[PDB]
Amino acid sequence: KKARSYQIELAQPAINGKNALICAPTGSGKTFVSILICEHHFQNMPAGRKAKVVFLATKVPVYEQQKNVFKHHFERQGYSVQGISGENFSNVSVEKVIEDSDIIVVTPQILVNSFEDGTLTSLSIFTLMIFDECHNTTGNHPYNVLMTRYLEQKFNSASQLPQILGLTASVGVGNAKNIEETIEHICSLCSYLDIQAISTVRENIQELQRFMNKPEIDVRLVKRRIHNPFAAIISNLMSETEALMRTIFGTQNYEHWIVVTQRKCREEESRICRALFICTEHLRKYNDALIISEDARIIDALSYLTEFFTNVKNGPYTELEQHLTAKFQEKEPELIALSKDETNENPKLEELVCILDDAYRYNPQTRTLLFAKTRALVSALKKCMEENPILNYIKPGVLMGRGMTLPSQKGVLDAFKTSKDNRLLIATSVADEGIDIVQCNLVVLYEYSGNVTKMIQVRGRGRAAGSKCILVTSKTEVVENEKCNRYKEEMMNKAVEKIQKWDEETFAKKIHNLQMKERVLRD
RNA sequence: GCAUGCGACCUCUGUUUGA
RNA sequence: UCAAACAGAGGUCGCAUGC
Ligand SMILES: Nc1ncnc2c1ncn2[C@@H]1O[C@H](COP(=O)(O)OP(=O)(O)O)[C@@H](O)[C@H]1O
Ligand SMILES: [Mg+2]
C-alpha cells in the first residue's frame, strides 16, 4: 500500500495549509490522503504549540472503520489515537480524551453534544478537523452546527482556528437544474465548510482510472404480478371497517389519515372515543400488511397479521374487536391457501433470486450487499434468502441501527469481509456511505431509490475491480428519477471541473460573498 | 425520549402561461 | 373562477440515522 501519485497530488493544497475539499471518486482512497495530510501536519507544526487532529465520521460503523485505520497507522508511530462515540460519551470526559489524544476519531454529534454540555467552548482546541463524507454539511446536521460555530469564532476572535478538510466522493447538486446552479450549490457547500481550495485529480487522471472504476447502474423494472387476490381481500376487509367508521389504500397517505383520525378523537364520548382506537388500529395493521406484501412475500404479510390477531385477544377484546377478528378468520383459510402458492408471488423477489443466482454461478466467491430501505424489509429479506432452496447457497447477514447492538454490528461486518461463509450482507442506510468491503463484488438495490449522492455512494460500496450495481424496481418514477440522477451526476462533475478552472481570488471571493449572507452583529 | 437528514402530504401568499 | 407551471412562508406525518 504505497502512496499513489494522484493521492500525493490531491494532498498538495491541504499541505500548503489551505482548507481543502477533496473531491475524488468513491473508492480512490481519500482516507489515505487524509492520513498523508495528517503526517504533513505534525511534521510541519511550528513553535512549541502542538497538534490535535479530529476525524469526524457520520454513522457508527464508518466511525469504527476509520477509527481502526487511523490506529493501525499512527499508533505504531507513537501517537495517541482515541475514539469517542455514542458508546463512549457517558463513560468519558471529553476534556481529557482530547488532551490525551493526538488524534480523536468522533461521531459528529459528540462534539456538538459536549459544546452545549459546557465541557467545551473553543474549536481552537484542535489544529486540524477532517469530515468524512463531508457533503452531509447541510442545515442543522451536526457538521454544519459545528461549522456554524467555527465560522462565528472566525470573526469573534480572529485567534487561530483549526484547518478544515472535507473528504467526499459526491459533492452533490442542490436543486440545480442547470450547470450554473450546480456551481452555486457546490460553492455553497465550500462556504459552509470554509473551503479555500477544491482538490481534484487534475494532472494524474490516467493513474486514477486504473485503481478505481465505476459502471452503469443496471435498472430492472418488474411489472406488478397481474391477478393479485391478496390485495383485493384485505382492501375489502378494510372497506367494511371504513364503512363501520361512518356508523359511529396501501399508501403512505392512508397511514397519515389514520393519525389524522387518531388525534381528533383524543361517556357517550368515552365509548365512541376508544371505538375509533379499535377501528384505526385494525385499518393500520391491515394497511401495513398490504405494504409489507408490496415488497416481501404474502407469507410475510399473513405472518404480520396472525401476529396481530392473536394479540387482539390479549388486551380488551371488546364487542367490536370480536366482530372484526371473526370477519378475518372466515376469509383466513382463503389466504393461507394463497400463502402456499407457487406462481403467484412478488416478481421483484423472483428477479432478485434470478439476479443473485446469475452472479453466484458465474462467480461462486462473489460478495453482495443487498440494500433495502427499511429494517423490517431488510430483516424480512433475510427470511426470503434462507427459506428459498435456490438461494441458500449463502448464509445472509444483516446490518442496522437500533429500535441491532453496536457490538453485534462489529461482528456481522467483520464476518462478511472475509468469512466465505456469509458471502452476502443485506443492509440498510448505515452501510451506504464510506464503508470499505474490499472483497465486495456486486451491490444490489432492492427498491433503493434516491438522491444523486445516495445513488453514487451506494454503487461505490462495490470495490475491487469487480463492480456491478443492479437496481430492482416495479415503480415507473424510480426507473426515471434514477436516470435523472445519471444526468445530475454528469452535470455535478462539470460543475466542479469548471469551478476548478477559476483563479484563486475569484473562487475565494465567491465563498466570502456567500458566507457574508450569514454574519452576526456585536454590541 | 430527543435531534437530524431524507421522503410523503397539506396550507397560506404571491409570479407565469393557459382556458 | 378553473387548469397548469415556478417560487417565497407554514402545518402534519412516515422512514433512516445520530445522540
Ligand atoms: N496507495 C494505496 N495503495 C493501495 N491501496 C490503497 C491505497 N490507498 C488506499 N488504499 C485502499 O483503498 C481502499 C478504500 O479506501 P477509502 O479511502 O476508504 O475510499 P474512499 O476514498 O471512498 O473513502 C482501502 O482498502 C484502502 O486501504
Ligand atoms: Mg471514505
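Here, each number is a calculation from the coordinates, and none is a lab measurement. Ideal geometry is used to build each Cβ from the backbone, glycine not excepted, and the neighbour counts take in all protein chains shown.
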Size of charge dipole - chain A - debye, nearest 20, with Cβ of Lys, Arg +1 and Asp, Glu -1, no other charges: 1120
Along the charge dipole of the range A:104-182, Cβ charges K/R +1 and D/E -1, which of A:128, A:166, A:145 sits furthest on the positive end? A:128
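Taking the beta-carbon count within 10 Å as an exposure proxy, list A:446, A:487, A:362 from fewest neighbours to most.
In increasing order of surrounding Cβ atoms, one gets A:362, A:487, A:446.
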Neighbour-count order for A:123, A:165, A:406, fewest beta carbons within 10 angstrom listed first: A:406, A:123, A:165
log₁₀ of I(q)/I(0) at q = 0.09, 0.12 Å⁻¹ - chain A, Debye sum with one point per alpha carbon: -0.78, -1.17
Where Cα atoms sit under 24 Å apart: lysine pairs in the range A:226-345 separated by 8 or more or lying on different chains: 9
Residue A:84's amide H: which non-local residues (gap 5+, or another chain) put their own amide H closer than 5 Å, with H modeled 1.01 Å from N in plane and none for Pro or chain starts? A:105
Using only the Cα atoms of the range A:328-404, build the gyration tensor, take square roots of its eigenvalues as a ≥ b ≥ c, and label the shape rounded, prolate or oblate: rounded if a/c is under 1.5, else prolate if a/b is larger than b/c, else oblate. oblate
Note down the magnitude of the dipole of the range A:375-516 about its Cα centre, charges +1 on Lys and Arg C-beta and -1 on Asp and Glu C-beta and zero elsewhere, to the nearest 20 debye. 220
Dipole of the range A:226-345, Cα-centred, from +1 at each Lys and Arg C-beta and -1 at each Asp and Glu C-beta, to the nearest 20 debye? 420
Could you go through the range A:215-222 in sequence order and give the Karplus-derived ³J(HN,Hα) for each residue, using 6.51 cos²θ - 1.76 cosθ + 1.60 with θ = phi - 60°, rounded to whole Hz, and x for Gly and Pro? x, 5, 10, 3, 7, 9, 8, 10
Amide H proximity to residue A:468 below 5 Å, modelled H, separation 5+ or other chain, gives A:443
What trypsin sites (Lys or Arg not before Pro) does the range A:449-514 have in DSSP loop regions with at most 15 other beta carbons within 10 Å? A:475, A:501
Partner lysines whose C-alpha sits under 24 Å from that of residue A:71, ignoring same-chain residues fewer than 8 away, are A:1, A:2, A:30, A:50, A:52, A:59, A:96, A:410, A:417
At a Förster distance of 25 Å, what's the computed FRET efficiency of residue A:490 paired with residue A:438, Cβ-Cβ distance as r, to 0.05? 0.35
Along the dipole axis of the range A:1-136 (charges at Cβ: +1 for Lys and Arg, -1 for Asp and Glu; origin at the Cα centre), the most positive-end residue among A:108, A:11, A:86 is A:11
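Please order A:503, A:432 by the number of other Cβ within 10 Å, starting at the fewest. Present the calculation step by step, with values, prior to reporting the outcome.
Numbers: A:503 8, A:432 24.
Listed from fewest to most nearby Cβ atoms, that is A:503, A:432.
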Vicinal HN-Hα couplings computed from phi for the range A:35-47 (Karplus, 6.51 cos²θ - 1.76 cosθ + 1.60; Hz; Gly/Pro x): 6, 3, 4, 5, 4, 5, 9, 5, 2, 7, 3, x, 6
Using the Karplus equation 6.51 cos²θ - 1.76 cosθ + 1.60 (θ = phi - 60°), what ³J(HN,Hα) coupling, rounded to whole Hz, does each residue of the range A:193-207 give in order, writing x for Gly and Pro? 9, 6, 6, 10, 8, 9, 9, 9, 7, 6, 7, 9, 4, 4, 4
Once amide H atoms are placed 1.01 Å from N in the peptide plane, what residues at a sequence separation of 5 or more from residue A:367, or on another chain, have their amide H within under 5 Å of its amide H? A:441, A:442
What 222 nm value per residue comes from the helices of chain A, counting each DSSP H run with n ≥ 4 as -39,500 (n - 2.57) and dividing by all residues, nearest 500 deg cm²/dmol? -16000 deg cm²/dmol
